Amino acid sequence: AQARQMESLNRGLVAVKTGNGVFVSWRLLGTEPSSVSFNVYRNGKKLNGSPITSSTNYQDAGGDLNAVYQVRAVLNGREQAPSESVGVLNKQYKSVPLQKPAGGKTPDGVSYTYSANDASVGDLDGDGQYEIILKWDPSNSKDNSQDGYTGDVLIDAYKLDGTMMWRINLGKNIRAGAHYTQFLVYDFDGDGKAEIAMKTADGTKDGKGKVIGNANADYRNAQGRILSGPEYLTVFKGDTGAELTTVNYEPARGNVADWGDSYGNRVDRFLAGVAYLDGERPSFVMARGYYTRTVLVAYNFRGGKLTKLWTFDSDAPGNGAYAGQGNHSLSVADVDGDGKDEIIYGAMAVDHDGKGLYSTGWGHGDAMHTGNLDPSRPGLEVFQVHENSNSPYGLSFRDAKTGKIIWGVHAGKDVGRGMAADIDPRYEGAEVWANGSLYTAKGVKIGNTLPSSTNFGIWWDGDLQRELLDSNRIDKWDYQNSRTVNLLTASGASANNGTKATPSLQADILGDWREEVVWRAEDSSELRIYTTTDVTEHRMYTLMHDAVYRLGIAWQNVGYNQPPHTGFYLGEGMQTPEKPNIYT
């Protein structure tokens, strides 16, 4: 009973030169009725796609590199104003060149360079096409448990044509590393353009060069950590990067040792997430802590003002079960039916008003997947893994609303990876895997092997199973032979963060409902946006117009990046998915 704000997008038309013709795909928008159809136009407004639809891709045999495409929606037998016009890509990726920052030297005395790291997307200027907001990582970035000085964290915005809109420098008082800066790109106020929200400090320099706080404060200690001095929360304006408003980060660190160590590990474990706590409009949550004291703080940014909505603190009375449950990521989804978003903080959940929903007591894990994994169960499921060898489960498949287990598997050990996806059509729903085994959504062990990666799942070819993504590979589970075969190796491109091996971004940002992959070139001279050329016979509303998925894109960069999920069941046997309840 609720419509959600959702980004006004253009048709997302993309064309790609293939052996034999040109491949084309476009969006089906969530503002459109299911009855819509399309005609495709090659060059001189030539109708080409003679009758109409059932998908939003089309293979054009008589297409060449000099061709120009437009598509026209048909609303009730009446063709509409054409889309934007596009040329043809001579390779299966779009190059976005980067203004790569020059290296530098820390007090350390050491030298360091930058590489393109985690990304997000948003419509910063309102033209109906996504920009890429990119985090730059210095080669001396640090995990929380490693001493050492780190280079400045920088965040750029780029249009798809390579236009660099601005650079923000977080400055010397924001340590570089996976668990420090978590950045949220969303249209919070509803003005139709996106803002950026993240944690700042004395000396962060906005996109117009304006310094926040004291440009001469240096709270870096001799171990390269910032364990003193004030802490800020800032939202910047999308098209310019300018400070809009800055408030005090909550909670502040206080006595560092109260978090469970004196050397600055547990205290600087951060997460963040966009959530429609309204059921209608976006909020965001900034989180601090998970091994230990765990605090979530929710906000709105509307009418130029940042307002605190609520605070959940595990130190607070009655909330002590909720400590030690958080993962190195979070999920966001209406799990209880009320139209409003709850926060699935790893092995615990917070309700939309700031109140504990449940704590499983199974403890912190390094991966999680929240979606409709078993389409035979109404409601969502959460499949995750757990670090605690003394946990009853090393992998657990539970009810997302109550937190009660559905099935789970005792390992007496850390299980540091786990995945969820429909890779086997013999079993309706998503299969899951971790710690040497592959299971049905019901908990039954399939075969004896498992896919060659346990990282990301990506919808890439034309079928309803999901494919696999790791390093610079897209792979496919051959469920008949129990082997992983390769569909694409993006040679020259590279993933990020060594063993995590994640892409800068995975997201349906162009064309068809299939997902695009944003990998950096090895030297970080360009980002590459890969889009599929597999003709599909399936049609769906753009994944960026689904609530759970869009919010998945917004937290992908967060902590140890996890892959996105749809709020509906996407896989073999799915129903023809219905128009989403949204406005633009």
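The first residue of the sequence shown is number 1, and the count goes up from there.
Stretches compared: 179-187, 382-390. Higher mean C-alpha B-factor in the entry: 382-390.
The PDB entry records a higher mean C-alpha B factor for 102-110 than for its counterpart among 102-110 and 235-243.
For the set 60, 546, 515, 526, the PDB entry puts the maximum C-alpha B factor at 60. In the PDB entry, the Cα temperature factor peaks, among 143, 461, 123, 414, at 414. Among all modelled residues in its chain, residue 556 ranks in the lowest third by Cα B-factor. When the modelled residues of the chain are ordered by their C-alpha B factor, residue 79 lands in the highest third. For residue 307, the recorded CA B-factor ranks within the middle third of the chain. Only modelled residues enter the ranking. Placement of the Cα temperature factor of residue 227 within the chain: middle third of the modelled residues, per the deposited record. Sorting the modelled residues of the chain by their CA temperature factor places residue 25 in the middle third.
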